[PDB]
Amino acid sequence: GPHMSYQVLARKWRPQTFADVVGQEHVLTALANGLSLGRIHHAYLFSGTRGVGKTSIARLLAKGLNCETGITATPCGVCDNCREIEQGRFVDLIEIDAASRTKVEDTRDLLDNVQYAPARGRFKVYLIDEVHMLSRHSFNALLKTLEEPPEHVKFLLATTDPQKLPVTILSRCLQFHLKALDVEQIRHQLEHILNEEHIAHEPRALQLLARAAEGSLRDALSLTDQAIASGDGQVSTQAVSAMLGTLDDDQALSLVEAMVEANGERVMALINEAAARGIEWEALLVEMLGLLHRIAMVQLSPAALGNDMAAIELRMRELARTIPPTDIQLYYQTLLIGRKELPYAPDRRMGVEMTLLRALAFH
Amino acid sequence: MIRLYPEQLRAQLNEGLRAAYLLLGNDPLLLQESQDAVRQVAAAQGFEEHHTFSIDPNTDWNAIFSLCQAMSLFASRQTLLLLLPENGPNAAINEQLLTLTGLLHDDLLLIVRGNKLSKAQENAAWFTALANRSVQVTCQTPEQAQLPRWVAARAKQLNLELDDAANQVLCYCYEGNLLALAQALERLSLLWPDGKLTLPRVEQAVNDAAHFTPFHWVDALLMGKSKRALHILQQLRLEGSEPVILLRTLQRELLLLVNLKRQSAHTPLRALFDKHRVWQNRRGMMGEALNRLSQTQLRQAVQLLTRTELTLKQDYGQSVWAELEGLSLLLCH
Amino acid sequence: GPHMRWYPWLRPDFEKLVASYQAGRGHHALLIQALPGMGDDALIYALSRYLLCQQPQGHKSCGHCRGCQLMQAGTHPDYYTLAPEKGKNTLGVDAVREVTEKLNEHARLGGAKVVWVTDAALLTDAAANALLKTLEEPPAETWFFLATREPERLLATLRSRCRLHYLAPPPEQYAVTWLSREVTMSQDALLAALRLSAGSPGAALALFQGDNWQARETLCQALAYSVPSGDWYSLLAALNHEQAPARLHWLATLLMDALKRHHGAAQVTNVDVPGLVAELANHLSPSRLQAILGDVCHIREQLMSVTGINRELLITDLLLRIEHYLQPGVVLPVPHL
Amino acid sequence: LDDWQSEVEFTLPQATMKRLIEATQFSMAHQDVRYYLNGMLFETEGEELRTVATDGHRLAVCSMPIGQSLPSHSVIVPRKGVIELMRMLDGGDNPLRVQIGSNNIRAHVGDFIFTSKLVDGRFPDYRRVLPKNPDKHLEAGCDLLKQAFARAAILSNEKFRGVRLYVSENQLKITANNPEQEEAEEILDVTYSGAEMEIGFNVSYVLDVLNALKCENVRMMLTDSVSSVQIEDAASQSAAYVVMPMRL
Amino acid sequence: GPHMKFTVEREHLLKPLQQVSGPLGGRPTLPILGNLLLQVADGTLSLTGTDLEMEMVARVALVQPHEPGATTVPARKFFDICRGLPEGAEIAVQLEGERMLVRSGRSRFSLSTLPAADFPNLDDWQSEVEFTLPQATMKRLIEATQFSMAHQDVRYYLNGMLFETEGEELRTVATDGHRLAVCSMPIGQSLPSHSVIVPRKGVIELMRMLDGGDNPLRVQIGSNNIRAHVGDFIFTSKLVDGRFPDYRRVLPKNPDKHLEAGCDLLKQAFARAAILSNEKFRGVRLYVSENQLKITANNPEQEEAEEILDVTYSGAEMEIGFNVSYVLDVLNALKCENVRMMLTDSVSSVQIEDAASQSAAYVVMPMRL
Ligand SMILES: Nc1ncnc2c1ncn2[C@@H]1O[C@H](COP(=O)(O)OP(=O)(O)O)[C@@H](O)[C@H]1O
Ligand code: BEF
Ligand SMILES: [Mg+2]
Ligand SMILES: [Zn+2]
Ligand SMILES: [Zn+2]
């Protein structure tokens, strides 16, 4: 009854078949063909940035691997084993969060476990996630069970970043680099989800949400939930724009045109106004970087104008004409390093002020 | 309550005993000497059973009721000893001491060792009830002004005829603990049973006391002797001395040196020497330390020191010995 | 303090952030981003009181029930707090481990199962990755809350599970009015407090009721002798109170105001020390001034990040480097890479 | 605080509850990674109370009729709750009023009140665990098997006490080796009607099952040298046990 | 090598192994301390259990042709196999060189062996006294003297019992804090004077193995080795050196107050006073008046216990504190219904003898409550 029948989109719309996964065809194809042809490896290491699907691909692989209907690239999804693995109550798929089970006691427990028979499925599979922070002792104890396990043991490793793995651990498992999801893929999946759940939206807000989340579908859905929590349960351009606090090209170009002409007083007044409206400073810096990039493109070849908006492209054309490429490069470099140092700045606003005032250095 | 000094305790022990004894201080040589002097006094007065307890945070009520049961009526007379925590009595033992103060008999002689306590700890009721019954012994390590006099007297009780140069070098090499002074004195006495402590004899040993940290490493830089302090650092790295401690010594001393360097243009040297209350025997080297090392040298040295401490702090440790000897070789110019 | 303190401008946000839970569509996680002392703690507390209350009143918590009576006594069996111990500063894997292992059991009082992390930036990354599973997929009727001064310093993964709710500082005039009603002194001090604290009225209150304000005054006076004489070393005693980050921040704010005074700007942060601002502009060269400001910010970062660093050595080297820079003929650094 | 209403109400003899807990207690997980394992499943259906315990290498199911019409319900009680439940109920008093709610369990035993919170989650089904086509069967007296395994367990490995069963028409055989390169071997006269088979068990769980089985004659069911065993009372079907074998 | 052969019935094999288990196992510091030594002598098997200071030898009678020889086998595993086997099944034991084969019924076992690692002389006594103390004598002596002796005490010699043989009688004494025990058993034999201290653990081992109140025993006591032949089996222990207080100097302290009467009534009163006795200072107060005793207790729980007893007395009014546990052990080991009690002072030792006979005497130094 009051048990919260609603579930968050980041988990409700988790992939349930190899045909429901957005992108990563470079790994879905390999996994499905390996399932079908009869070549299955005893340790799979899915690695990629946040919210790209390592856990989901691993869970689909587990669903397929120990389905009672043979070992097929297409799990049935109606049997028992599919249902429990989807629910996560299956005995033979064991979830180990490597942050916790890093002491030698837990690793010894795991190595004791691997020596026995399964219970319900063909294969007993350890989904170890965030493996890249097992203590060195844990990895050295885990080498033997990751190298030559028994017949019914397969390992599925999920890591946020491959770098922290001991390279020997990398070498014994099958690496799958999950590519970050392209903006087009994210926007199409969002369109499909929101149409499926009978939620009104418009493509513009979808593009904004895709741009904000740097290639992480879970991040896209998190921003979707934030955008529907505020704004009467709907996705709209004004809603997402307010949620992100993003700014139109006019204001950022006002900043770059005042700063390129060393109009320090105007620059500081613009920053004061932006603070009064309370924008996100990182957004200001990314807009300045984008405008400087477009100016550089126009300088290189006149064909690539600013035509995506083309509203105040007169100003962009004039600024390109009136500024040497070197000065624009210096402005971009200064703003970019400043952007790199926002977290280290004592305050965001003052960090942007430092960066802009330093850009004001050239005459 | 009778507060006494370690040398003057014996006389009191001869005149009359007190059921409760307290030994507060950091220097453990006088602590153990007073403890076993009182113990041999009690043994001379028939006390046979000697119980000692190590009271820790782990020590608790079930670690003290056996104590209380001990001193009721077993045989003849006995003594008790305790070891107090580093911070002194806590609230956990604040009641245990109150209970212990409720039963004082000539059967049991109570001995307590420890370091200095907060003024709110002796303000407790158990201490007040123990005032007339107990005797406290001061056991801190005093300044170095009375150090030569005290060590000369001690060597006299050790039957050692020290020279002025021997006294100077032995004091200057061991300003850390009376344990060091002792071990040096007994080493010298056993090596030379005659007792005459000539400077050529006392200088040999193995080195200047030990490899220490400050004395000669810093002093040679103060006078600018690169070879001396450099060899001292080589020996320090040979014995694996902790680099962090060396850095702490440099931080605590070079800052005073920098303070000395300032104001020298618009104030006579001796006024700055006595304004900081720096030791005159140290002032004799501070003079040429200021004279030789200029302000630019100080700035460069502090800059490289900060770079070194930085690189050391985030677990890099990029050849700490190389940068330390670099500091030394800058300070020798 | 006792149940902390509600703040008047927080009332709108909470309302919005409770609507998402009244409809039942509330995302289990929540990463509230708010400045120190802003008032996010009261928001999280009031939210949890509404959530674990057996009878949730409209926009209120209960009015009367045992379910939050055990909350007021701070002894609810579901409500868990994750804060580093008073003697430590890093939240260990052990506390999050205990909380998450005790989450798998049912709800004791038949209601929700609410967790709370007092401050997320303090979470050790190992603790963050131990808490990752619990945040991504919690059991039914399990909710979470978190507080951060900034989200970007958090682990790349932990924020990705959560919604990044934001607490906008109140409008400048409203904050000034509230602080004037609370603390009585000249408005220049109040503007300095708000702009220094990036708009956090609670942080301005902490600055006033804390000794630092007077110490801040001290620094001003010290600079009033340093800059006209080129004698900065005497600032050491002013900048060493275990508040080297905050005091260095005040110094950098002053230097920012001076550089603003060069490229004459209508508004500057330090409005209680305009004469100091003018003097700082007068004596110091803009390239030297920017190099010095960069060094001040760099040293403040070095002190804030690495604990166990020696404050005295760092500040002494900083002051010596500044004194060196005020000498003509020096080459100044420029940020890069 | 207002008490929670119960959706499962019944009353039990102390003998029945004691038998169930003794039958399944040694078969539940300790701190195991799978959170829903560290506990005991109390299924009820018809007039029968069933108890299930597993740790991924073991399974104890014990079914006893109650005579009371009961709904189909499931519940998990964690380690501590059931341990102090067994400690709590020891006398011969009839009152065992057991109440199962959505989140907690309470058993009233006269003047003592049981209280614990249920492990949220759904237990795996035991019928899917018990082999469905056991094509090999064995029979022997319970005490003979128990004494034999206890004797053979003397010289096994310490931490994991593996033993090897060679089951054939001629007789049953069990062997044990240890890190000390020590050999133990012994023979039992069970009635078999099949060919040779080799399996590897852990003597700890087998010994526990035999000790808490508490019957006269015992029957083993087997399918394969890797599949699960099904040990049961040869004279009753109120309790079944499974021991997933060991790799060698 | 030499090889050994045995066909030994289980029941007649268990009791020796079960008995010798004392100086066996128990955190064996060496691979040889935790093992039992077997040897064949004529028609007997000797089982030796060693812990470097107590050597226990058991003689299993052999009834079948058995191959001679000796070996060292893990004591615990041998005990477990010999116990778990079916009752009455003869066990066939063979030495397969480095291994130890043992078979029984339908079961086979192998053991790791040690050839020779605990075979020195192992014992050398002096035997000043060789009294043939019969079973029942030291039975009651030791049960009346053990009590709860020194644990962690700095005075090492107070751990072991003091034996003193003189004339026709042996006096056994034991000091521990307040409590002190002594029994003067009339052996009746013309025996030389001898004084010795035996370890407490050796005493408890001897008493535990003792049992069976029928057979006279041979006790050979020296200055460093004591041997006791309890019927079939043999035990040997080291000997603690002197510095022990003289019982002739702690027992007779010129008692002046005399008392008598029931012992079990005092037991019940002491148990009921122990409920409200000082939990930190174990002991209650005893008011002594003419033909009357009063027992009072005041625990920190602010509960007062008082009882009155009819104990004969013709001395002066007295108030003596005492440990309830020590005197309760005195009463329990006195095995009598009536006791005699001699008071000296509130800080001087209080004697308690058996009212049945002088053979049993005890001392408790009073408490200050
Ligand atoms: N390739 C993908 N296809 C479809 N949805 C995806 C994909 N990757 C991520 N997602 C979305 O992200 C959510 C979390 O995905 P997950 O697989 O847990 O990422 P991770 O690799 O970081 O554990 C899923 O519930 C799903 O909505
Ligand atoms: F969020 Be994912 F598992 F990197
Ligand atoms: Mg994941
Ligand atoms: Zn399926
Ligand atoms: Zn309420």
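Think of each number as a place in line: the chain as shown, counted from 1.
Placed from the backbone N, Cα and C atoms, the Cβ positions cover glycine too.
Now, the feature entries from the PDB entry:
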- E:1-3: expression tag (SEQADV)
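Per Swiss-Prot, the features are:
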- E:4-123: region '1' (REGION)
- E:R27, E:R76, E:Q152, E:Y156, E:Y157: DNA binding site (BINDING)
- E:132-246: region '2' (REGION)
- E:248-368: region '3' (REGION)
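If you look at the expression tag (E:1-3), the same-chain residues 6 or more away from its ends with a CB under 8 A from one of its CBs are 67-70, 94-95, 97, 115. Candidate binding-site residues E:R27, E:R76, E:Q152, E:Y156, E:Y157 yield none lying near chain C, with Cβ-Cβ distance under 8 angstroms. Comparing local CB density within 10 A for the binding-site residues E:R27, E:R76, the maximum falls on E:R76. Remark: E:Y156 (DNA binding site) has E:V240 as non-local neighbours, by Cβ distance under 8 Å and separation of at least 6 in sequence. For the expression tag (E:1-3), residue counts in helix, strand and coil come to 0 helix, 0 strand, 3 coil, using DSSP. Binding-site extent for DNA: residues E:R27, E:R76, E:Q152, E:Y156, E:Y157, maximum pairwise Cα distance 32 Å (rounded to the nearest whole number). Contacts of E:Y157 (DNA binding site) defined by a Cβ separation under 8 A and a same-chain sequence distance of 6+ are given as E:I197, E:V240, E:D241, E:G242, E:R243, E:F244, in order along the sequence. Within the region '3' (E:248-368), the DSSP-based counts of helix, strand and coil residues read 25 helix, 48 strand, 48 coil. With DSSP states grouped into helix (H, G, I), strand (E, B) and coil, the region '1' (E:4-123) comes out at 20 helix, 50 strand, 50 coil. All chains included, 5 other C-beta atoms sit within 10 angstroms of the C-beta of E:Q152 (DNA binding site). Closeness to ligand 4 is met by none of the binding-site residues E:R27, E:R76, E:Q152, E:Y156, E:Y157, no Cβ falling under 6 Å from the molecule. Counting residues of the region '2' (E:132-246) by DSSP class, helix then strand then coil, yields 25 helix, 49 strand, 41 coil.
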